[PDB]
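J.: I have a structure I would like to understand better, so I am pasting it below and will then ask my questions one at a time.
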Amino acid sequence: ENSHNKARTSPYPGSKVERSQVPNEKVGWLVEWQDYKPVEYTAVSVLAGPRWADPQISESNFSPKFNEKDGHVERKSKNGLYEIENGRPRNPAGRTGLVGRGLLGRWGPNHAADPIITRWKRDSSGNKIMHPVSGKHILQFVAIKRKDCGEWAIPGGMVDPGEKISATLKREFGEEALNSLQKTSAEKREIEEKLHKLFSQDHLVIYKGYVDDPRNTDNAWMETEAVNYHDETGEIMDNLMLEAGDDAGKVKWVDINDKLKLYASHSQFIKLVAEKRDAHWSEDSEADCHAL
Ligand SMILES: O=P(O)(O)OCC1O[C@@H](O)[C@H](O)[C@@H]1O
Ligand SMILES: [Mg+2]
Ligand SMILES: [Mg+2]
């Protein structure tokens, strides 16, 4: 019973555009609202028609195949089918008060991928560390500090046109967490060997689908695929130094626990990983709120 909230904040990112107000009871498309009048807005950068953006719906020869693989553009939503009304997609989470695409290049789902690389925290002797409160070992994951807003986050990113989610995962992690774009060539082989063995081991899909994002509109929204590549022994990430890509101010292994503050919905993803890996999570048991 919780409506998307970030997707209804104003002004729209990178603009002064104010979204039309949407009472929570009228978020669902199923709810009748004849007077609903969303503000129309698509960023100039998207309207300019770059290679990563779709044409406007009116463009004569533009015939998108929604809810399916449409060439080098994946139009399927990972939450199932989304409705087409008035020739364009309808946000599956509901009304947002704004039509058009805002800063999103694609009509409909705009896919991203979030590679969560984890390993157990280890001491000077290479042994795991148990937390006394949970009795579980502490897990860490590779996080980057965003240059634009300085928020810590999973090193993810947009799926490029024609790119496979698996490639986006490998590419985003390497480029921003290892800085593969600027590493002794050939030495890039090893990063590929290691990431290869790492991303070849069995991973876990943590989350797929809609992401409540301030860039979302009634017609275009963000979706992600968060996947966890875990290094159980530590052998793989062992000798792989983290180096920030040019899009990150910092990069480092971050201890996982319920106190973490991360970008977007990344902390929800981290909580799920700790659950699946049976890692420590509860920092404080508020025992003092009950004990004499
Ligand atoms: O931050 P950018 O790369 O611009 O958009 C990508 C992503 O934004 C979030 O919705 C997802 O979790 C994914 O990390
Ligand atoms: Mg990117
Ligand atoms: Mg990014």
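Just remember, in the structure tokens the first chain shown is A, the second B, etc., residues are 1-based per chain, and ligands are 1-based in the order shown.
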Show me which residues sit within 9 Å of ligand 2 when counting only C-alpha atoms and all ligand atoms, and put them as a ChimeraX atom specification.
T.: /A:112,155-160,168,171-172,175-176,247
J.: What residues have any atom no more than 9 Å from ligand 1 when counting only C-alpha atoms and all ligand atoms, and can you list them as a PyMOL selection string?
T.: chain A and resi 110-115+146+153-159+210-215+221-226+263-266+269
J.: Keeping only N, CA, C and O atoms, write the selected residues as a compact mmCIF listing (two decimals), in the first residue's frame.
T.:
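again_33.txt written:
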# COMPACT_ATOMS: atom_id res chain seq x y z
N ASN A 110 13.65 2.12 -18.95
CA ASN A 110 14.98 2.52 -19.20
C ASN A 110 15.79 1.68 -18.29
O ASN A 110 15.83 1.93 -17.09
N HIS A 111 16.41 0.69 -18.84
CA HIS A 111 17.15 -0.28 -18.06
C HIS A 111 18.56 0.07 -17.59
O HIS A 111 19.37 0.65 -18.31
N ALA A 112 18.82 -0.33 -16.35
CA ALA A 112 20.12 -0.13 -15.72
C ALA A 112 20.50 -1.47 -15.12
O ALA A 112 19.70 -2.42 -15.13
N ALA A 113 21.73 -1.57 -14.63
CA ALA A 113 22.20 -2.80 -14.03
C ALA A 113 23.07 -2.40 -12.86
O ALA A 113 23.85 -1.44 -12.95
N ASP A 114 22.92 -3.11 -11.75
CA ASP A 114 23.64 -2.82 -10.52
C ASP A 114 24.43 -4.04 -10.05
O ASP A 114 23.88 -4.98 -9.49
N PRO A 115 25.75 -4.02 -10.28
CA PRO A 115 26.62 -5.12 -9.88
C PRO A 115 27.06 -4.96 -8.43
O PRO A 115 27.80 -4.06 -8.10
N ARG A 146 29.50 8.83 -5.60
CA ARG A 146 29.14 9.58 -6.80
C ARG A 146 29.73 10.97 -6.85
O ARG A 146 29.59 11.75 -5.90
N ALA A 153 27.09 4.51 -3.44
CA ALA A 153 26.16 3.68 -4.18
C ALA A 153 26.82 2.47 -4.82
O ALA A 153 28.05 2.35 -4.88
N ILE A 154 26.02 1.51 -5.11
CA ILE A 154 26.46 0.43 -6.04
C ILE A 154 26.94 1.07 -7.39
O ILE A 154 26.27 1.98 -7.91
N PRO A 155 28.07 0.52 -7.85
CA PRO A 155 28.63 1.04 -9.10
C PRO A 155 27.87 0.54 -10.33
O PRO A 155 28.40 -0.23 -11.13
N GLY A 156 26.61 0.97 -10.48
CA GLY A 156 25.82 0.53 -11.61
C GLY A 156 25.72 1.58 -12.71
O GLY A 156 26.42 2.59 -12.69
N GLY A 157 24.84 1.34 -13.68
CA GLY A 157 24.71 2.28 -14.77
C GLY A 157 23.73 1.80 -15.82
O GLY A 157 23.21 0.68 -15.77
N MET A 158 23.47 2.68 -16.78
CA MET A 158 22.54 2.38 -17.86
C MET A 158 23.07 1.32 -18.80
O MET A 158 24.25 1.32 -19.13
N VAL A 159 22.18 0.43 -19.22
CA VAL A 159 22.48 -0.54 -20.22
C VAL A 159 22.65 0.25 -21.53
O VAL A 159 21.76 1.03 -21.87
N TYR A 210 10.92 -2.15 -11.76
CA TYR A 210 10.70 -0.77 -11.39
C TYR A 210 11.50 -0.25 -10.22
O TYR A 210 11.61 -0.89 -9.17
N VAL A 211 12.04 0.95 -10.40
CA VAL A 211 12.75 1.66 -9.37
C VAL A 211 12.09 3.01 -9.20
O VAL A 211 11.98 3.78 -10.17
N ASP A 212 11.61 3.29 -8.00
CA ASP A 212 11.01 4.58 -7.69
C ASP A 212 12.15 5.61 -7.83
O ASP A 212 13.01 5.72 -6.97
N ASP A 213 12.13 6.37 -8.92
CA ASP A 213 13.19 7.32 -9.26
C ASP A 213 12.66 8.72 -9.63
O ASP A 213 11.63 8.84 -10.29
N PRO A 214 13.34 9.80 -9.19
CA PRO A 214 12.85 11.14 -9.54
C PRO A 214 12.82 11.45 -11.05
O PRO A 214 12.24 12.44 -11.49
N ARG A 215 13.44 10.60 -11.85
CA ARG A 215 13.44 10.81 -13.30
C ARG A 215 12.21 10.19 -13.97
O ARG A 215 11.96 10.41 -15.15
N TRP A 221 10.24 5.23 -17.35
CA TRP A 221 10.69 5.06 -15.97
C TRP A 221 11.96 4.23 -15.91
O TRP A 221 12.32 3.56 -16.86
N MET A 222 12.60 4.26 -14.75
CA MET A 222 13.82 3.50 -14.56
C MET A 222 13.51 2.08 -14.10
O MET A 222 12.56 1.86 -13.34
N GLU A 223 14.30 1.13 -14.58
CA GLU A 223 14.21 -0.25 -14.11
C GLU A 223 15.65 -0.70 -13.92
O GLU A 223 16.57 -0.21 -14.60
N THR A 224 15.87 -1.62 -12.99
CA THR A 224 17.21 -2.10 -12.79
C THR A 224 17.24 -3.59 -12.58
O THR A 224 16.21 -4.24 -12.36
N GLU A 225 18.37 -4.20 -12.63
CA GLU A 225 18.68 -5.57 -12.37
C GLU A 225 19.91 -5.60 -11.49
O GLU A 225 21.04 -5.40 -11.93
N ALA A 226 19.60 -5.86 -10.27
CA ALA A 226 20.66 -5.89 -9.26
C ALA A 226 21.11 -7.33 -9.08
O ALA A 226 20.31 -8.19 -8.71
N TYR A 263 22.65 5.70 -2.11
CA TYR A 263 21.95 6.34 -3.22
C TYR A 263 20.75 5.52 -3.67
O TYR A 263 20.73 4.30 -3.60
N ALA A 264 19.73 6.23 -4.15
CA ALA A 264 18.51 5.61 -4.67
C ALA A 264 17.91 4.54 -3.76
O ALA A 264 17.61 4.80 -2.59
N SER A 265 17.74 3.34 -4.29
CA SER A 265 17.16 2.25 -3.51
C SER A 265 18.22 1.19 -3.23
O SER A 265 17.90 0.04 -2.92
N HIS A 266 19.48 1.58 -3.33
CA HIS A 266 20.54 0.62 -3.12
C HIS A 266 20.56 -0.04 -1.74
O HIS A 266 20.92 -1.21 -1.64
N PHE A 269 18.51 -3.16 -1.71
CA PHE A 269 19.20 -4.23 -2.41
C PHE A 269 20.24 -4.85 -1.47
O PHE A 269 20.39 -6.07 -1.39
J.: Looking at A:17, A:46, A:84, A:178, which one is nearest to residue 252 (chain A), with distances taken over only C-alpha atoms?
T.: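 When distances to residue 252 (chain A) are compared using only C-alpha atoms, the smallest one comes from A:178.
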J.: So which one's closest to residue 49 (chain A), A:28, A:105, A:92, A:14? Using only C-alpha atoms, please.
T.: A:105
J.: From a DSSP pass on the backbone, collect the residues of region 144-179 of chain A flagged as strand (DSSP E) and hand them back as an NGL selection string.
T.: :A and (144-146 or 152-153 or 157-158)
J.: Mind dumping the selected residues with N, CA and C atoms as an mmCIF file, in the first residue's frame?
T.:
data_model
loop_
_atom_site.group_PDB
_atom_site.id
_atom_site.type_symbol
_atom_site.label_atom_id
_atom_site.label_comp_id
_atom_site.auth_asym_id
_atom_site.auth_seq_id
_atom_site.Cartn_x
_atom_site.Cartn_y
_atom_site.Cartn_z
ATOM 1 N N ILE A 144 30.873 3.005 -4.625
ATOM 2 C CA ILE A 144 31.536 4.208 -5.125
ATOM 3 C C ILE A 144 30.830 5.444 -4.595
ATOM 4 N N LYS A 145 31.572 6.535 -4.460
ATOM 5 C CA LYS A 145 30.991 7.778 -3.991
ATOM 6 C C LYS A 145 30.770 8.601 -5.254
ATOM 7 N N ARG A 146 29.503 8.832 -5.596
ATOM 8 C CA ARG A 146 29.144 9.576 -6.802
ATOM 9 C C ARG A 146 29.734 10.975 -6.848
ATOM 10 N N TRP A 152 27.034 7.510 -1.607
ATOM 11 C CA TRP A 152 27.657 6.207 -1.805
ATOM 12 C C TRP A 152 26.632 5.333 -2.512
ATOM 13 N N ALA A 153 27.092 4.510 -3.439
ATOM 14 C CA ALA A 153 26.164 3.677 -4.175
ATOM 15 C C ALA A 153 26.816 2.470 -4.819
ATOM 16 N N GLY A 157 24.844 1.337 -13.676
ATOM 17 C CA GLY A 157 24.706 2.280 -14.769
ATOM 18 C C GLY A 157 23.729 1.800 -15.816
ATOM 19 N N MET A 158 23.465 2.676 -16.780
ATOM 20 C CA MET A 158 22.536 2.380 -17.859
ATOM 21 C C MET A 158 23.067 1.323 -18.795
#
J.: Neighbouring residues of residue 50 (chain A) were defined as those with any atom within 12 Å, considering only C-alpha atoms; residues of the same chain fewer than 4 positions away were excluded. Please report them as a PyMOL selection string.
T.: chain A and resi 43-46+54-56+103-106+161
J.: Restricting it to N, CA and C atoms, dump the selection as a tab-separated table (two decimals), in the first residue's frame.
T.:
chain	number	residue	atom	x	y	z
A	43	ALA	N	13.29	16.46	-21.70
A	43	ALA	CA	14.49	17.29	-21.72
A	43	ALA	C	15.01	17.56	-23.13
A	44	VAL	N	15.55	18.76	-23.31
A	44	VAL	CA	16.13	19.18	-24.58
A	44	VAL	C	17.11	18.11	-25.07
A	45	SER	N	17.96	17.62	-24.16
A	45	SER	CA	18.96	16.60	-24.49
A	45	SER	C	18.34	15.35	-25.08
A	46	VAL	N	17.12	15.03	-24.64
A	46	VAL	CA	16.42	13.86	-25.17
A	46	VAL	C	15.73	14.24	-26.48
A	54	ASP	N	14.96	7.58	-27.97
A	54	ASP	CA	13.99	7.21	-28.99
A	54	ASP	C	13.51	8.50	-29.65
A	55	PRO	N	12.85	8.38	-30.81
A	55	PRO	CA	12.31	9.56	-31.50
A	55	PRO	C	11.03	9.90	-30.70
A	56	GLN	N	10.36	11.00	-31.02
A	56	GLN	CA	9.11	11.31	-30.34
A	56	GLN	C	8.08	10.35	-30.93
A	103	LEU	N	14.20	13.28	-18.57
A	103	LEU	CA	15.59	13.01	-18.96
A	103	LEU	C	15.86	11.61	-19.51
A	104	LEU	N	14.83	10.76	-19.53
A	104	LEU	CA	14.97	9.39	-20.03
A	104	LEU	C	14.92	9.32	-21.54
A	105	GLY	N	15.86	8.58	-22.11
A	105	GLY	CA	15.89	8.45	-23.55
A	105	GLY	C	14.84	7.57	-24.19
A	106	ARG	N	14.41	6.54	-23.47
A	106	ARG	CA	13.44	5.61	-24.01
A	106	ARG	C	12.04	5.76	-23.45
A	161	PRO	N	22.86	0.90	-25.67
A	161	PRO	CA	22.08	0.34	-26.78
A	161	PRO	C	22.68	-0.95	-27.34
J.: DSSP on the backbone, helix (DSSP H, G or I) only: what residues of region 158-288 of chain A does that give? Format it as a PyMOL selection string.
T.: chain A and resi 165-178+180-182+187-200+235-238+266-277+287-288
J.: Calculated over only C-alpha atoms and all ligand atoms, which of the candidates A:80, A:245, A:182, A:234 has the smallest distance to ligand 3?
T.: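 Of the candidates, the smallest distance to ligand 3 is held by A:245.
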J.: Pick the closest to ligand 3 from A:143, A:42, A:291, A:48: which is it, counting only C-alpha atoms and all ligand atoms?
T.: A:143
J.: Would you mind telling me which residue in A:132, A:220, A:64, A:261 lies nearest to residue 82 (chain A) when using only C-alpha atoms?
T.: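 Using only C-alpha atoms, residue 82 (chain A) sits closest to A:220.
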J.: Counting only C-alpha atoms, which of A:125, A:79, A:233, A:118 gets nearest to residue 276 (chain A)?
T.: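 Looking only at the distances to residue 276 (chain A), the closest residue turns out to be A:118.
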J.: Wanna dump the region 163-255 of chain A-region 33-38 of chain A contacts at 12 Å for me, each residue with its shortest atom pair and the distance in Å to one decimal, counting only C-alpha atoms, ordered by chain and number, as a Markdown table?
T.:
| residue | atom | partner | partner_atom | distance |
| --- | --- | --- | --- | --- |
| A:217 | CA | A:38 | CA | 9.6 |
| A:218 | CA | A:38 | CA | 8.5 |
| A:219 | CA | A:38 | CA | 11.1 |
J.: For the residues in the current selection, export C-alpha atoms as a compact mmCIF listing (two decimals), in the first residue's frame.
T.:
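Writing the result to out.txt gives the following:
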# COMPACT_ATOMS: atom_id res chain seq x y z
CA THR A 217 7.27 10.03 -15.74
CA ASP A 218 3.88 8.60 -16.75
CA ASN A 219 5.48 7.35 -19.93
J.: Could you pull the residues within 9 Å of residue 67 (chain A), counting only C-alpha atoms, minus those fewer than 6 positions along the same chain, as a ChimeraX atom specification?
T.: /A:74-77,80-83,108
J.: Mind giving me the straight-line distance from CA of residue 254 (chain A) to CA of residue 121 (chain A) in Å, one decimal?
T.: 9.1 Å
J.: To one decimal in Å, tell me the separation between CA of residue 246 (chain A) and CA of residue 187 (chain A).
T.: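 Spanning CA of residue 246 (chain A) to CA of residue 187 (chain A) is a straight-line distance of 18.5 Å.
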J.: Could you please determine the separation between CA of residue 207 (chain A) and CA of residue 12 (chain A) in Å, to one decimal place?
T.: 25.6 Å
